[PDB]
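**Student:**
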Amino acid sequence: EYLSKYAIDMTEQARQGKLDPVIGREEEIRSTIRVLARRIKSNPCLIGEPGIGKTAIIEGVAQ
Amino acid sequence: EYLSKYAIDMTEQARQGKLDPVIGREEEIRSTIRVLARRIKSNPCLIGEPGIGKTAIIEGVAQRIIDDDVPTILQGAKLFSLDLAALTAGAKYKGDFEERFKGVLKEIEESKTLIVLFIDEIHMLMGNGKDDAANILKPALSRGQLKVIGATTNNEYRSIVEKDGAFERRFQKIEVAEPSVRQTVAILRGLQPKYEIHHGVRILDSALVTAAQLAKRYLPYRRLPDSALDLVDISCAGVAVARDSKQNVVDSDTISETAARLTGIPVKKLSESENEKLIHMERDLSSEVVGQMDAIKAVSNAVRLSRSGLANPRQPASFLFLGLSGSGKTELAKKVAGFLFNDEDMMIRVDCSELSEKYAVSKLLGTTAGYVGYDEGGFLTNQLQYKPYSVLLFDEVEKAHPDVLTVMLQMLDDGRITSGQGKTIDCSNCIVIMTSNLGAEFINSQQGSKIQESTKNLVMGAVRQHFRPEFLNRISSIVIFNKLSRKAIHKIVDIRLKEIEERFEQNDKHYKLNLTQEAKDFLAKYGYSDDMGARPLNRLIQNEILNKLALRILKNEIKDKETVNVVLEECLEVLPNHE
Amino acid sequence: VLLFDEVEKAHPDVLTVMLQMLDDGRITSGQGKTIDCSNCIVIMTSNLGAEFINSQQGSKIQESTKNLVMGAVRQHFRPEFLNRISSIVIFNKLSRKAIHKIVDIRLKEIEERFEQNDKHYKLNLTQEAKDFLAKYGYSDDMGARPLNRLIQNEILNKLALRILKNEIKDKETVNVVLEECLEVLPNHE
Ligand SMILES: Nc1ncnc2c1ncn2[C@@H]1O[C@H](COP(=O)(O)OP(=O)(O)OP(O)(O)=S)[C@@H](O)[C@H]1O
Ligand SMILES: Nc1ncnc2c1ncn2[C@@H]1O[C@H](COP(=O)(O)OP(=O)(O)OP(O)(O)=S)[C@@H](O)[C@H]1O
Ligand SMILES: Nc1ncnc2c1ncn2[C@@H]1O[C@H](COP(=O)(O)OP(=O)(O)OP(O)(O)=S)[C@@H](O)[C@H]1O
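Chains as they are written, first to last, in the UniProt record's numbering: chain F, 165 to 227; chain G, 165 to 410, 538 to 859, 874 to 884; chain X, 682 to 859, 874 to 884.
See below:
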C-alpha cells in the first residue's frame, strides 16, 4: 500500500538491471551516502546543471 | 482522544530523552514562559530565520516542564505538538475536520493539567485565505484558554499572519536570536555526547570550535545553529562511514575536509601533500603565459593567501590587468581557472563591456520584484550562488558603465553583492579579475620589455583618470603587463605550436613540424610586433601554416605526421600525393 | 542600524523614502503597510567631498574645505534631505600620527581574525617595521586602506608561502632586511 502504489522501487529496478550502470562519481556518491548516514537531517539534495547525472547518482545509490 | 491521534506529547519525548537538551537561550525560554504564564491571550509565537533553533526552544519548554523549572503557574502542565493532520487527515464531509480540531481544543481546556498546544509551521493556520480558516484558535486565543505556542519564520510570518490580521491580535510575537559563534560552539558542546553516541566517535573539542567558526565563514545561507551542526554531524558520519568502509574521532581537519566537500571551497581540503603544486603555481602558469611574471606572481600570491586561510575573509581577490591587446590578460585569467579547477570553463566570464548604464545591473544582479523576468541573478547571483570558489572575469572593465562599477564596489569589498530580490550572495571566497586597455597609450611608449618606470606611472595616471578613486581603492592589485619582447615571442611560439597539436582531435592533423629553429625564427620575427602583442602569431600560424594545411588535407596530400618547409615564407610537405 | 553605502547614488524616489525615514519614519511598504522605524539608526555615506579633501591641506577638515564639501552635498541632495540628518560629518584624513596607531591595530586585527592561530603573529615589528608599514603605506590620499595592501603584499604573501613550504611550524618571525627593504619576514624552522 501507499509506497507500493505511488513509488518505484529503484532498488529492485537496479537489481533487475533496468537501470544504467553508474560510472565513477565516487566523490558525489560518497557525499550523498555520507549525508544519508547522518543522524539528524540526513537529507542530501543533488543540485546542479539541468542534465549532468543527478538521476545517475541516485541510481548509483541504488546499485 | 483526539490528542492521542493528532498530537505528539513533547513532554513525553522530553521525559524519554528523545529531544536534544537545550543550550543557552535563557532569555528566550524565559520570555516564552512569561507569555504562557499570562492570563489573557497567553499565546507566544517564536519568530526567526529558519535554522535559528526556535524548535529547540519548544523542546526547551518541554524540558523545563519535565524538570519543573517552570513557574508554579505552569508546572502542572503538558506539551503537545499538533500535527497538521488534525485538519489535513482529510476534509471529506465538509466541516468534519474542523470538528476534529475543535475536539482537540475541548480536550486541551478540559481539566487535565495545563495542556499547552504547540503549533508547528503556524502558517497552516491561515486556512484558505480566512474562509476555510474558520475558528482556528478563535475563542481559544480570545479567552486566554486553550493556550498555544507556535513557531514560524519571518518570511512566512510576513504574509500568513500579517495578511490575516486576527492572528496578530491573538498571538504574541517573540523573536528568537541567532547565536553568536561563541554561543554556537556552546551548543555544539552541549550536543556533543549526542553525536558521539549517534556515530560511535569521539569529537575533539577543537573540532567543535572549528565547525562553528568555519560554518560562519563558509555557509552564509544557513544560520549558525544548523550550519555548525551540519558540519559536525556530517563529519561524524564521515568517520562512521569510514569505519564501515574499512580512527573513531572527529578532529578539526575532519571538519575542514568535509566542509570543502559540501561548500566547494578547496581551501579547507588542507591538501598539504599538494602544496608543491600550489607553491609552483607560478611555474605552472608560466608554462602557458610567457613572461608577465609580475602578473603571474600577483595571482599566485592571491591564491596562496586563500589556500593558507590568511586571505581576509571579507576581501575577494581583486585585480586590474592592464596592457596592450595580446598581452595575455585574458589568457592569464583563463589559465588560472585552468590551474585552480583543471577547467577553464569553470570561470564565470562576464562580458562586462556589454554594460551600458541602464541595463548593466540587471544583467548582473537581475531585477527586483514586479519587473518582467524573475530569474533574478542574471549572471552573477546565478553563478556565484553555486560556485563561491570561482573566478570572475570582467573583460574590458574600462567600458563598463561607471554605474555598474559602482555595483562592483560591493562585490570587491566584503563580497556583499546582493540580488535584485534582496538576497545576499556573499562571494568573498572568489577571485575577481578585471581587464582593460587604458594604459595602451603609455605601453605604446615602448619603454622597455618589463614596463619601465614613468610608463607605469602614466598608465596609473590613465587608470586614475578613468575610474573613480573608490573603485581603484578596492583593487587588491593593479598590474601592468609587460611588452612581449622577442625572447617572449620565441617562448610564445613554442607554446602556441603545442596548442595547435592540442587542438588536433584526430591523427590526420598532426605535426612533426620540423624547422624548430627555422620556423621558430620565422614566426618569431614576423610576430614581433608591439602593436598586437602575441596575437599576430595566431595570424602567422594560420596564414602560413594552417590555411595551407587545410588545402593539403582537402587534396589528400597528407595522411598524418606533417612537415613545414621553408620558402624564401613557409609551406607544407606533400607526403602521399592525392591519395 | 542601517547602512547606506553611497546613499548619494540614490535616485529621488529612494531619497524620498529616506526623507520619510529621517523624519516620521513611518515608511510605507509596497504591501501597503507601514514600518515605523523611528527607533532605528540610519548611517549613510557619500564621496562628494573628495574634490576638496584631496587637496591634502590639513588632515583635520579645515573650514574652507568643509564649506566646499558641504556645497557639493547641498548641490547633490536636496536640502530637504540634509535638514533631516542629525549630523553631517566629514571624516578627517589619516595623519601619519594615525597611521602608526592604525598599523598596530591592523596587525592585531590580523591576529584576531586568524581562525585557529597555530601560526600566530609574533609581530616583531620593532619600531623599524612599524615605521616601514606606517611610512610606506601612508598613501595619504587613499586613507588607511593602502596599509592593508601593503601588509598583504609584504607580509602575508611571504608568510603564506612559508606556511605552504612548512618552513614555519608556529608563531611568526618578523624583521627588516636591508622602501626597498620590503620588510621581509625571516624563516622559522
Ligand atoms: N556517471 C554516469 N554513469 C552512467 N550514466 C550517466 C552518468 N552520468 C550521466 N549519465 C547519463 O545521464 C542520463 C540520465 O541523466 P540524468 O541524471 O537524469 O540527467 P539529470 O542530471 O537527471 O538531468 P535532469 O534533472 O533529469 S534534466 C542517463 O541516461 C545516464 O546514462
Ligand atoms: N540552542 C540549541 N540547543 C539545543 N539544540 C539546538 C540548539 N540550536 C539548534 N539545535 C539543534 O539544531 C536544530 C535547530 O533547528 P530547529 O529549530 O529544529 O530548526 P528551526 O529553527 O525550527 O528551523 P525550522 O523553521 O523548524 S527549518 C534543532 O533541531 C536541534 O537539534
Ligand atoms: N604572454 C603570453 N604567453 C602566451 N600566449 C599569449 C601571451 N599573451 C597573449 N597570448 C595569446 O593571446 C591570445 C589571447 O589574447 P589576449 O592576449 O588575452 O588578449 P587580451 O588583451 O589578453 O584580452 P583582450 O584584452 O580582450 S586582447 C591567446 O591566443 C594567447 O596565447
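Idealized CB from N, CA, C, for every residue including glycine.
Starting from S599/G, trace the alpha helix (DSSP H) both ways and give me its first and last residue.
**Tutor:** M584 to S599
**Student:** Specify which residues have a beta carbon nearer than 6 Å to any heavy atom of ligand 5, listing them in chain order.
**Tutor:** Summarising the ligand content, the structure contains ligand 1, ligand 2 and ligand 3 and does not contain ligand 5.
**Student:** Between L243/G and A226/G, how many whole angstroms is the CB-CB distance? I'm expecting something under 8 Å.
**Tutor:** 5 Å
**Student:** Suppose the cutoff is 6 Å on Cβ atoms and the five residues either side in sequence are ignored; what does the same chain contact list for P384/G look like?
**Tutor:** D717
**Student:** Quick one: which chain G residues come within Cβ less than 9 Å of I193/F?
**Tutor:** Residues of chain G passing the Cβ test: none, with the nearest at roughly 11 Å.
**Student:** On the criterion of 16 or more Cβ atoms from any shown chain inside 10 Å, does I361/G qualify as buried, or is it exposed?
**Tutor:** exposed
**Student:** Compare the C-beta of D636/G against all C-beta atoms of chain F and say whether one is closer than 7 Å.
**Tutor:** No, because no Cβ of chain F sits closer than 7 Å to the Cβ of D636/G.
**Student:** Hey, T746/G and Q756/G are a contact pair by Cβ (cut 8 Å); roughly how many whole angstroms apart?
**Tutor:** Rounded, the Cβ-Cβ distance is 16 Å, inconsistent with contact.
**Student:** List the residues of chain G that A201/F touches, going by C-beta distances under 7 Å, in chain order.
**Tutor:** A401, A404 and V405
**Student:** Per DSSP, which residues does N856/G bridge with? Please list them.
**Tutor:** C876/G
**Student:** Just verifying my parser: in three-state terms, what is the DSSP assignment at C400/G?
**Tutor:** helix
**Student:** Out of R777/X, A810/X, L840/X and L700/X, state which residue places its alpha-carbon closest to the alpha-carbon of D822/X.
**Tutor:** Of all alpha-carbon atoms in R777/X, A810/X, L840/X and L700/X, the one lying nearest the alpha-carbon of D822/X is that of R777/X.
**Student:** Quick one: does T697/G have its CB under 7 Å from some CB of chain B?
**Tutor:** Of the protein chains in the structure, F, G and X, none is chain B.
**Student:** Are the CB atoms of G713/G and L656/G nearer to each other than 7 Å?
**Tutor:** no
**Student:** Rounded to whole angstroms, what is the Cα-Cα separation between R202/G and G308/G?
**Tutor:** 8 Å
**Student:** For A226/G, does the three-state DSSP call read helix, strand or coil?
**Tutor:** helix
**Student:** Less than 7 Å between the beta carbons of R787/X and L837/X, yes or no?
**Tutor:** no
**Student:** Report all residues from its chain with a CB closer than 7 Å to the CB of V365/G; omit the five preceding and five following residues, and keep chain order.
**Tutor:** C400, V403, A404, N539, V540 and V541
**Student:** Are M725/G and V750/G close, meaning C-beta to C-beta below 7 Å?
**Tutor:** No, the pair does not count as a contact, with Cβ atoms beyond the cut-off.
**Student:** My assumption, with CB atoms under 8 Å, is that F612/G sits in contact with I766/G. Please give the rounded CB distance.
**Tutor:** At roughly 10 Å, the Cβ-Cβ gap does not stay under 8 Å, so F612/G and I766/G are not in contact.
**Student:** From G669/G to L696/G, what does the alpha carbon distance come to, in whole angstroms?
**Tutor:** Whole-angstrom Cα-Cα distance: 16 Å.
**Student:** From what residue to what residue does the alpha helix (DSSP H) around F630/G run?
**Tutor:** That run of the alpha helix (DSSP H) goes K620 to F632.
**Student:** Is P607/G near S736/G, with beta carbons less than 7 Å apart?
**Tutor:** In this structure, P607/G lies away from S736/G, with their beta-carbon atoms at least 7 Å apart.
**Student:** According to DSSP, is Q833/X helix, strand or coil?
**Tutor:** Residue state, collapsed to three classes: helix.
**Student:** Using the beta-carbon count (16 or more within 10 Å), is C209/F buried or exposed?
**Tutor:** exposed
**Student:** Count the other CB atoms, across all protein chains shown, that sit within 10 Å of the CB of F795/G; report buried if there are 16 or more and exposed otherwise.
**Tutor:** exposed
**Student:** For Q743/G and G188/F, what's the separation of their Cα atoms in angstroms?
**Tutor:** 52 Å
**Student:** Tell me whether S547/G sits in a helix, a strand or coil according to DSSP, three-state version.
**Tutor:** helix
**Student:** Could you tell me whether any Cβ in chain F is nearer than 7 Å to the Cβ of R307/G?
**Tutor:** no
**Student:** Using a beta-carbon distance cut-off of less than 9 Å, what residues from the region 373–387 of chain G approach chain X?
**Tutor:** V373, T374, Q377, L378 and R381
**Student:** So, do the region 285–301 of chain G and the region 309–328 of chain G have three or more beta carbon pairs nearer to each other than 8 Å?
**Tutor:** yes
**Student:** Tell me which residues of the region 636–654 of chain G have at least one Cβ-Cβ distance to chain X shorter than 9 Å, keeping chain order.
**Tutor:** none
**Student:** Could you name each continuous beta strand (DSSP E) segment of 3 residues or more that falls completely within the region 190–264 of chain G, going from the start of the chain to the end?
**Tutor:** 208–211 and 241–246
**Student:** Quick check: is the beta carbon of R198/F nearer than 7 Å to any beta carbon in chain G?
**Tutor:** yes
**Student:** For the pair the region 632–644 of chain G and the region 671–686 of chain G, tell me if three or more CB-CB distances fall below 8 Å.
**Tutor:** Touching, yes.
**Student:** Spell out whether any CB of chain G is found under 7 Å from the CB atom of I844/X.
**Tutor:** yes
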